[PDB]
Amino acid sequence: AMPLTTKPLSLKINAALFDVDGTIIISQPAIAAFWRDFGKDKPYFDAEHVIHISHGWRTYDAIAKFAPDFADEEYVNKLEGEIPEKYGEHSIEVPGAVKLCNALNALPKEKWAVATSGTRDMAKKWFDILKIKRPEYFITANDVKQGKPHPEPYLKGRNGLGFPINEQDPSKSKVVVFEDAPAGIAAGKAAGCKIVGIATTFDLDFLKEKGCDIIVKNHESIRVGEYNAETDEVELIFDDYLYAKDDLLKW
């Protein structure tokens, strides 16, 4: 039925998993610049198409589909590692991201993780460019066999934090995913997570058609409370949001 409306809304969670591109950093211009360059000597490669269909995909997987002659892990690592310096020094934080990452750093490190389709050499530089501490639990492109939209990166994250899915009682193992992209939202949902959609890459109208449970403009809508050692939980607070599903608070 109709969305929730009351603010703030408070949710006890066991862990939080964060996407990087579009969620922590607006790296999309840098990534688009890379794809245009990649395509410049490939007549069969429609960079425009690839840029807009591959949000949240591993670069290796986009290349495997659209230019498979170049689907070589070391080569892709080399290409991606160059992106931050060449095209991404002007990349900005999703508003509130720096603050939220700092607030997460104050919690036990086992309460959160990053799971990105970016390679490690690219993603680590994004944190440096925003002056955010590199995350301790940090899942990247080559840490998984299957990338988003398959759940593997998010399964690996929740399992690594000590909260595998509890199918019988999902309220005993409560994990939220923060994501901007359809691929990531599908992956998060398939990993049994509650989903916070960030309306950066896409707008509210678009994300209302996707499996996110709550949609926010950015992270200025979001705070974290105090760790509770007894329940191994932390309080997630939404000071504001654009849309929240009627069952958001239920697992």
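One rule holds for the numbers: they count along the sequence shown, beginning at 1.
### Query
Which of the two stretches, 102-110 or 89-97, shows the higher mean Cα temperature factor in the record?
The deposited B-factors put 102-110 ahead on the C-alpha mean.
### Task
Name the higher of the two by mean Cα B-factor in the PDB entry, 208-216 versus 221-229.
Looking at the record's C-alpha B-factors, the answer is 221-229.
#### Entry: Third assignment of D61 from its chain's C-alpha B-factors
Answer is lowest: the recorded C-alpha B-factor places it there.
### Query
Which third of the chain holds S117 when residues are ordered by C-alpha B factor: lowest, middle or highest?
Lowest third of the chain for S117's C-alpha B-factor.
### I31, C-alpha B-factor rank within chain (lowest, middle or highest third)
Ranked within chain, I31 CA B lands in the middle tercile.
### Task
Pull the Cα B-factor of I83 out of the PDB entry and bin it into the chain's lowest, middle or highest third.
Tercile = middle for this residue's CA B-factor.
### Task
Divide the modelled residues of the chain into thirds by Cα B-factor and specify which third, lowest, middle or highest, holds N159.
As the PDB entry reports it, the C-alpha B-factor of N159 lands in the middle third of its chain.
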